[PDB]
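Next comes just one chain, in structure tokens: the form deposited in one PDB entry.
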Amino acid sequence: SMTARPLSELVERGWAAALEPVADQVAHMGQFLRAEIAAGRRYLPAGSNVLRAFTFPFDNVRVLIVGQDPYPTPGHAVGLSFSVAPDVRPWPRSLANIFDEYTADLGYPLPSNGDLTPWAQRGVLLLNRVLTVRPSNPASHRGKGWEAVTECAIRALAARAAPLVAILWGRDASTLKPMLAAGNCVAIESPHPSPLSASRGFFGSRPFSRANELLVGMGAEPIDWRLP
């Protein structure tokens, strides 16, 4: 529980130190979620998954992907942005669009399922600007306190010696751009893959190959984006 336990016991070592400036704010978010349940509203993803992106090592992040907020359908969000459990189908629309672009950019076949854990395990941080949502209500937790947490995460990543490429999908993600100004960091921005915006510049944006070109240009290894 984020209200009950400290960062050292919720997230990976590097992340617990990175997020020290927002320790109280994370506990406050736990209190917010408690108050939602007390008031008769629910949230997604499950409590134990909310901070899941911060359970993969901070020092190993090469690429940061940032979306808006978690999937609004019960049974979709898993605490890694855009990912779904391997048994979920049909895929949510944003994910189908991401995979459409993945195939066009990289030439790989469509993935077998919507599980993006391989990316997380290879140094891609799958974040959202806001880490919870009320079921069936996109953006419902905007402005409730998560933004300070994800701002802190991004500043910390940018302050590392380690190279970073950021991919910012949509307007809320784009508000992280000022914090990404560091010599060791470069940001790709596009419209969000949702059907509401994808035709404004998500399709054709080739984020995966661009990220790899940027990594290689700062002397880092490219991501193996290939999903099974």
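Rigid core here is just the name for the largest C-alpha set that superposes within 1.5 Å across the two forms. Only residues modelled in both forms are compared. The first residue of the shown sequence is 1; numbering continues from there.
Heads up, the form deposited in another entry isn't pictured, but that's what we're talking about next.
After superposition on the rigid core, the C-alpha displacement between this form and the one not shown reaches 2 Å or more for just one residue among 197, 49, 55, 60, namely 197.
Taking 2 Å as the criterion, residue 187 counts as shifted between this form and the one not shown: its C-alpha moves by at least this amount when the rigid core is aligned. Once the rigid core is used as the reference frame, the Cα position of residue 173 differs between this form and the one not shown by 2 Å or more. A change of 3 Å or more separates the two forms for residue 136 and residue 172: their C-alpha atoms lie farther apart in the other entry. Compared with the form shown here, the Cα atoms of residue 68 and residue 191 sit 3 Å or more farther apart in the other entry. Once the rigid core is aligned, the segments that move between this form and the one not shown, defined as three or more consecutive common residues whose C-alpha shifts all reach 2 Å, run 170 to 174, 182 to 200.
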